[PDB]
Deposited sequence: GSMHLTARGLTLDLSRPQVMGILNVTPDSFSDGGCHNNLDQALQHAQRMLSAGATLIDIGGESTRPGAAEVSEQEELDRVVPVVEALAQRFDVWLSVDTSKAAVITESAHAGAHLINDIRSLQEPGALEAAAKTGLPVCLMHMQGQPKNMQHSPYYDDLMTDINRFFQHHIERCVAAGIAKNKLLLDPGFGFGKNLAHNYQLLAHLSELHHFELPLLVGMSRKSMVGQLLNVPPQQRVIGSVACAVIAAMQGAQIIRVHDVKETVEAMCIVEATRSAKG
């Protein structure tokens, strides 16, 4: 029904999009891994310097060369998983397409830097107790959506992530997964990250490397509920699953 655009490049959101995770914790490995994910069918590459502290220069040193190298190398959406205004701006210079912040630009100067770039930004819900899980998330997004538009970032440039595994217990996560379709009322793209998280592990009683099937199953359930972007470790498997999903949905 819709699409999102950056730097003359467009991301089709009528179909589920797979975002490959590229955590940095060697430049050569990063470029090659990105290549592996891209061929696997990823339409976005997410570069993250923190795992949910890191120094500003240290985080910048890891992130921006990878962004620039990929920007030169491939015509693909580039996303930086950062919460730092310096990293926001520097990545924009490097050629990043999307700003993905788990802290929702609440760090000092982060909001202004993001606004100046004009790049699309993804807002993620974060805190364990909830009176009503879904209501809290809806209220959270509404607040920062109000804030983002106020900052001069257009509403249609925003993405929403309910933030699986962030200040949420096992029951909450699957409650969220079950009611995920409700979040579409914002008429904004939904991005979800469930890959290899505890919500899979606790159920299957398997280590992270054995959580591929569980992660994909979650991705399929989310995508069947209209989730547009899926953030995963295992791109190829997720891409294959999304093909089944898209064929099913297109079949009406």
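Novice: Mind pulling out the bits of the deposited sequence that never got modelled, as residue ranges from 1?
Specialist: Residues missing from the model, as numbered along the full deposited sequence, span 1, 27 to 37, 65 to 69, 145 to 153, 279.
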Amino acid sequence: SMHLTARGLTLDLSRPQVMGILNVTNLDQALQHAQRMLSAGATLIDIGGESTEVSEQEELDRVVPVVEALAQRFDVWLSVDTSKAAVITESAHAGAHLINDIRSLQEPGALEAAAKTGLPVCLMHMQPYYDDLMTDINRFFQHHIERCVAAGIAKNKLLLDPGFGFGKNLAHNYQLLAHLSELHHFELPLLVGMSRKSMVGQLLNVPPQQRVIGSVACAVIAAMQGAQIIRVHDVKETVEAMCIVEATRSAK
From here on, numbers count along this sequence of modelled residues.
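Novice: Could you check the entry and say whether 63 to 71 or 187 to 195 has the higher mean CA B-factor?
Specialist: For C-alpha atoms only, the mean B-factor is higher in 63 to 71.
Novice: Can you tell me which stretch has the higher mean Cα B-factor, 235 to 243 or 9 to 17?
Specialist: Going by the record's values, the stretch with the higher mean is 9 to 17.
Novice: Out of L159, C148, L177, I99, which shows the largest CA B-factor listed in the entry?
Specialist: Comparing C-alpha B-factors across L159, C148, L177, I99, the maximum falls on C148.
Novice: So if I compare the CA B-factors in the entry for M124, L78, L105, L170, which one is the largest?
Specialist: That would be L105, according to the entry.
Novice: Sort the modelled residues of this chain by their C-alpha B factor and say whether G49 lands in the lowest, middle or highest third.
Specialist: Highest third of the chain for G49's C-alpha B-factor.
Novice: Would the CA B-factor of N26 place it in the lowest, middle or highest third of its chain?
Specialist: It falls in the top third of the chain.
Novice: Could you place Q209 in the lowest, middle or highest third of its chain by Cα temperature factor, using the values in the record?
Specialist: Bottom third by C-alpha B-factor.
Novice: Report the third (lowest, middle or highest) to which the CA temperature factor of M2 belongs, ranking only the modelled residues of the same chain.
Specialist: For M2, whose C-alpha B-factor we compare with every modelled residue in the chain, the answer is the highest third.
Novice: Would you please rank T43 by its C-alpha temperature factor against the other modelled residues of its chain and give the third it falls in: lowest, middle or highest?
Specialist: Within its chain, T43 is a lowest-third residue by C-alpha B-factor, going by the deposited values.
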